[PDB]
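In: model this:
(chains A and B)
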Protein chains: 2
Amino acid sequence: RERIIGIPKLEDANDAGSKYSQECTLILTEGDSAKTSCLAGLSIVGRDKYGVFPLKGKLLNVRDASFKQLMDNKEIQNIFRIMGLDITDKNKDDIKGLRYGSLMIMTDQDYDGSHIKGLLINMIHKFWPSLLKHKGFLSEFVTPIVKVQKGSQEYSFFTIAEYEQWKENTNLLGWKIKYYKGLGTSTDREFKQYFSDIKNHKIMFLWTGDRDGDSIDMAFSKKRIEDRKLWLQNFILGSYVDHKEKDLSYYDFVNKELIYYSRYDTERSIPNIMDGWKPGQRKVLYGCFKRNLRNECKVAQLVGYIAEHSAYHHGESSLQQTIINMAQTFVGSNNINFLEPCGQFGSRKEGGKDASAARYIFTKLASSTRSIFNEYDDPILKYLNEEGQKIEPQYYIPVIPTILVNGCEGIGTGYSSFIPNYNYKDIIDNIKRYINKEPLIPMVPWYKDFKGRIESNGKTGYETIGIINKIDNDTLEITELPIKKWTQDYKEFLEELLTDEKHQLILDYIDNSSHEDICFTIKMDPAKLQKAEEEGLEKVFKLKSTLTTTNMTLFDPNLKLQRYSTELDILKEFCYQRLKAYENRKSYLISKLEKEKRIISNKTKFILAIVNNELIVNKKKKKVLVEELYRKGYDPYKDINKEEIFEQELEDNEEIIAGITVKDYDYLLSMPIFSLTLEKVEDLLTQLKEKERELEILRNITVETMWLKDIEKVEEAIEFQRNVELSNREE
Amino acid sequence: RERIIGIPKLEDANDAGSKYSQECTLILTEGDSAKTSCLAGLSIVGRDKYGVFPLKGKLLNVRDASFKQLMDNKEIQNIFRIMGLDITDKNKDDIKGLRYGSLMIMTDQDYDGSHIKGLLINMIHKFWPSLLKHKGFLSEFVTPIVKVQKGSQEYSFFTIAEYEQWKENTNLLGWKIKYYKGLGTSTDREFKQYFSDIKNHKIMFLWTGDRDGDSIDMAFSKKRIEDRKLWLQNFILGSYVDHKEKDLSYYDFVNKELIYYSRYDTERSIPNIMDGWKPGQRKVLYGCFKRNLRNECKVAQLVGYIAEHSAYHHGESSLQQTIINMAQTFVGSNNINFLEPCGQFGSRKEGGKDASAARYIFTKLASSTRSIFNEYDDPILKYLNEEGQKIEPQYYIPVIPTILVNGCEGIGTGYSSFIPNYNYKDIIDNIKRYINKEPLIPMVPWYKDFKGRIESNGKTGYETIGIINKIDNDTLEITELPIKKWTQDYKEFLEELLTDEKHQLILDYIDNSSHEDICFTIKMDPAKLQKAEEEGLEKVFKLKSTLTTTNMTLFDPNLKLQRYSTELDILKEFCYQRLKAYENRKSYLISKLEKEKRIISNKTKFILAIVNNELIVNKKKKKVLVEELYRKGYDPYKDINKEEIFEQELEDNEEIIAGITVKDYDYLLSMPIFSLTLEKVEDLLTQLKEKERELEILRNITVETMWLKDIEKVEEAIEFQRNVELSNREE
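Out: Numbers count the residues shown, from 1 in each chain, chains lettered A, B, ... in the order given. Sure, structure below:
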């Protein structure tokens, strides 16, 4: 019968290309690993009707692709041969005589997998749009998103929303919980179970009109970019596909699933207004806070720790670089570095490219970082949950808007952003003006250790100018470059001036620039030098750069991309949010202090009672003592301990009365015998007075006073960090 | 004056190529990062006399290189132009008129850096051997290996041996300690200090005769491989270069420093006899034990943890693969996997290549692993120290020789090894024969779940044969492949049989092989099939593979490469070492039990005394109570706590009398008030009787009984793990 010659990776169904072709299904998998799991499944269902072909990487986007790219693309050519399909016959509306009568796409339940499903739908729509309208033609393999276990009574949830509804309404015992985003997570045995019940692991794509086609073209066409921008902007942040449904329209897949891939690159490339962090940097800072990185560690070790605790998925090279960039201090990088560069982290010579290997450089939190990112704020942030692990928050809320301090430069596709560096002092006096209802003052971009000029160009932004001086009639000297022109690039530019392709503008140059200062000495024809002076030396030698302020694009506090017209608009939004964050911090601290006070009060009573011989513990049966603590009015811990739940963060519990266990009083019984000694008793007594004074003071403090006080600490910390940098610089 | 045109990365000295050329030094650095640090140094010394050029990666080995490779090599051509040197003039004995009069090599103080220094010396010796004899021509930049601090009194050690001598003779307070292997570890400020005192950061290479040249040629020549093998074998394991010396001969550099790079690849590629582990796998197992990986975690998270805690430096891709390979269970991989494959870890189809992404697969210690690698052995192993961090041991000592269970295949250059898999049951009965002075029985290679035949080839080893059957006169069926012939490769081979380049041996084939079983059905010309039967079907269809036993090469227990003639020689050496390890474990456990008993005895006395009203703690001043505990005969902890020191593992301490502090008795004072309750007192009393019985039993047990008992547990664990694999396999 019919057979395929040139495709070793194909696991052709026995009946493909036969008179049973309509009954056959071809499974397209994301990778060879998925194909191997699929063959484990097919050892159940059999190999007569199911074929398997592994997709490598990501399918070509046929919609934008040139004809030559299409012919040259072996993976797509192979898929065409395997199906029995080809381009010349479009308009085909029937499933005969194809080698297979159905196509099933099997991928990870993640953004890349969704992008792959979309690319396959894109190809089918582009070449045989008729085929999508044909019912039962395209399906997708689906496994449960979450599996839970308690002894017996095992549940499997297809939808996260379903799992959340179960989780909210259940005490997680001891329930064991596993997420199944990737196909690799499933064992071969589990694949056998899915294929044993394949109907319940299959979702059929449904065509619901021309909007489906318009959706696919909007997603993948080179000409629909603005429609795509509108589509991304109008996205509803709760949107998700309901896997409980046996059917899924193409329009719903594109709008409620593919969109997550489509918007992911913008999410990676553009920082949030609130902390100025892109998500990867935020993962790094979160990792540093979690371990409390106050002492040096190797960057490579930090890379391993962040990869484990922050769920960073873009590889060690990007992670290394992200940490390094967060530690750089050279001209044109960070105004305030939040990681310390303990070693060679690169320089202005190559714009940080000249950083040393991660294995030998150390880093730690910079001395100012915990004042700026005040730890009292940590508990009021919203932390993301990935497959049950508690990872980095949606954003940090620093005391000052760090986004203005260090700026940003981002390019994804379809969105970019640039924000200049600014003086933290100008930022702080704008904050004080915001607190006092005083008019805000526009800020001029400012760069630490830059010696040149920054001035408005009057239209789109600002210009930075380096320093060049006439030494004598033959000689020029350059002692400063414009912002972000690295020394090595400039040196190459002077060398190209030496060659005739640039008309021998200069006779000679000596470069004695250091790692951080600029020293070029240039020799010229005296007449050429004079003419260059008339043209303007800065222009001739290209010593100006432009800081454009017309595209200050950030994610807003509600996770929505915005363009801010000026630095003041950014500052105002930040101030409104930050002032609210101070109200949340105050309420949280009050609730925490009340809980601490109650715990102290119980310990004080317990210790005094033993020490005054009112309470006898020696040789007392434990249940008798717990009963006595309960009867005498001691709070079991659960009454004081009134909190989002992250799955991976999870003398008997036999109820004495009424609901009390021994563990309920561990916070008292656990206290060391040393607590009964005199100094310890005295300190314990001291503790409650101090706790109530601290609570009373907190109750009456305003948010403006809390902020103003933190700003005071931030100014001191920044100045100390800077003074240390200067002291280190001096001989 | 003279100047260089085509080399942007060059930082030419101002006086290079001038009449001052002899006074100039050219610094060759390992990378751009090193060059940037060097310019930080030169901002002190000035730029008139020092030039800097960054080496990229590793210099070409000119000795083996073809002429075309030499001409084509821009980095070397550039170095020649910068120096003013070139090939045509060999025999040059003078330093004029070179652009620079001295060459200084600046690298990391690690194996790769040493290899780079060697490559540069190799080039100079090959083209201008005369130049090496010229004194002061080649030097090397050296920083202190270790810097220590206590307040003031900062010391810097150039030699590790010097640092060890200081460390042994000093209490590390509170001393802060940093290693400086890589150049990147040093700040720009530190570089300024080294260049402020450059004479004390420079070592001059010295030529001491023709042995130096012979040393360099032996190290780098294509024709001296056997001399290199002898050189590697005769290495003295304490060997090191004395950096205290201002001079270093080429022969001493090659023999005592370069050799570490030279032998490193063999160290990476060939396992130790004792645990069957290559160092990277051993780092993985060590990491798993340290966190006690009894619950599943993502492989990518495990990768991050191992990278932090085991000092793995070969990148995430290799680390991922190492973990995955340690979890594989398919035919031809591990007889006993010590990591569990919780997900898709690959199959026989592609020999494990078809493993899923690290982000979505989970692993944990396999159920048998802690019985085989008995944790009681952990404290008696020798753990390596890297830059103050405690990492993986020299080797583990398992209960059985795992190297025979899972075999190995290693290729470095100049050494390779192959060991087949063996049946653990055969291994265990050989161990019991070793214990009883009974003759050992030769073992035949055995592979879990393999259905074919394994038989001696009579000469070099064994042969494994797959299964092929005649179905009828036109049809053959293959239901088993030989060991390590992956299904996909074999399928490609059948497809090539279909084509005329292989004379149309077969008409057709169907492949319904699963992820783990083999099913090829083949259609043939009946006459061709008969002729093939006469030739022998196994031979025609290539269903045999060879297990060669003539190159069983391992590191011996003393860290020295050996070739073992048979599996019995390996077994005997392992048994001798393991029996000694049991003596060390017994002595360690006895010492630990004696310490635990003493601690219990003190707690028992302390609790009874309080509970019986002999000792009063309530409202007693702490120093008074500590004085009373000391006077009444309680042991301060330091008297019971009698231990190699790893740097990164580091009510007042005011001496009451005579040398006692409050902390000395924390182990008593720390005990919870709950210890005074009745059940807790009763259990405490129980604890000492149990501790002395356990100690008495341990004192009189023989090593053979301890081993035999552990072997019993190992047999149970392996059988349980296997039964779970089989139960999972069943429908």
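In: now residue A:635: which helix or strand?
Out: Counting by DSSP states H and E, no helix or strand carries residue A:635.
In: chain B contacts on the stretch 501-650 of chain A?
Out: The stretch 501-650 of chain A has residues A:508, A:510-517, A:610-611, A:617-622, A:625 near chain B, with proximity defined as Cβ under 8 Å from any Cβ of the partner chain. To be clear about C-beta, it is placed using only N, CA and C from the backbone, and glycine gets the same treatment.
In: if we go to 10 Å?
Out: By the rule Cβ under 10 Å from any Cβ of the partner chain, the part of the stretch 501-650 of chain A lying against chain B is A:508-517, A:519, A:521, A:606-607, A:610-613, A:616-626, A:648.
In: for PyMOL, what selects the buried ones among those residues?
Out: In PyMOL, this line selects whichever of those come out buried by 16 or more other Cβ atoms under 10 Å in any protein chain shown:
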select buried, chain A and resi 509+511+512+513+514+515+516+517+519+521+606+607+610+611+617+620+622+623+625+626
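In: I'd like to know which of the residues of the stretch 501-650 of chain A next to chain B are part of strands.
Out: A:508-511, A:521 (DSSP state E).
In: between those residues, which sits nearest residue A:409?
Out: Using Cβ to Cβ, residue A:511 comes nearest to residue A:409 of these, at 27.1 Å.
In: contacts only, for the closest one.
Out: A:478, A:487-488, A:490-491, A:494-495, A:518-522, B:10-12, B:14, B:47 (Cβ atoms under 10 Å, 6 or more residues apart in numbering or on different chains).
In: what segments of the stretch 151-300 of chain A are helices?
Out: Taking DSSP state H, counting those that start in this stretch as the test, the helices found in the stretch 151-300 of chain A are A:160-168, A:188-196, A:210-220, A:225-233, A:250-253, A:259-269, A:279-290, A:299-309.
In: most tightly surrounded among those?
Out: helix A:299-309 (a mean of 25; mean count of other Cβ atoms under 10 Å in any protein chain shown).
In: so residue A:128 is in contact with residue A:91, correct?
Out: Yes - with contacts counted by Cβ atoms under 10 Å, residue A:128 reaches residue A:91, the gap being 7.9 Å.
In: and these two? which has more neighbours close in?
Out: residue A:128 (22 against 8; other Cβ atoms under 10 Å in any protein chain shown).
In: which residue is the nearest non-sequential neighbour of that one?
Out: residue A:92 (5.5 Å; Cβ to Cβ, 6 or more residues apart in numbering or on different chains).
In: what do you get for residue A:183?
Out: Counting by Cβ to Cβ, 6+ apart, residue A:183 lies nearest to residue A:34, which is 4.9 Å off, once chain neighbours are set aside.
In: mind exporting the C-alpha coordinates of stretch A:159-177 to CSV?
Out: Only the C-alpha atoms of stretch A:159-177 are listed here, as CSV (Å, rounded to 0.1, in the frame of the first residue of the first chain):
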residue,chain,number,x,y,z
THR,A,159,-9.1,24.1,34.4
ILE,A,160,-7.2,26.3,36.8
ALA,A,161,-10.4,28.0,37.7
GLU,A,162,-11.9,24.7,38.8
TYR,A,163,-8.8,23.9,40.8
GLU,A,164,-8.9,27.3,42.5
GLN,A,165,-12.6,26.8,43.4
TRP,A,166,-11.7,23.4,44.9
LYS,A,167,-8.6,24.9,46.7
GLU,A,168,-10.6,27.8,48.2
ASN,A,169,-13.2,25.4,49.6
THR,A,170,-10.9,22.8,51.0
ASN,A,171,-8.2,22.4,53.7
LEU,A,172,-5.1,21.2,51.9
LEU,A,173,-4.3,18.5,54.4
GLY,A,174,-1.6,16.9,53.4
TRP,A,175,-3.1,17.0,50.0
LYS,A,176,-0.3,16.4,47.4
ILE,A,177,-0.5,18.7,44.5
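In: ok, residues contacting it?
Out: A:109, A:144-151, A:153-157, A:179, A:238, A:240-245, A:387-388, A:645, A:647-648, A:650, B:295-296.
In: from these, which land in strands?
Out: Short answer: the contacts of stretch A:159-177 in strands (DSSP E) are A:146-149, A:155-157, A:179.
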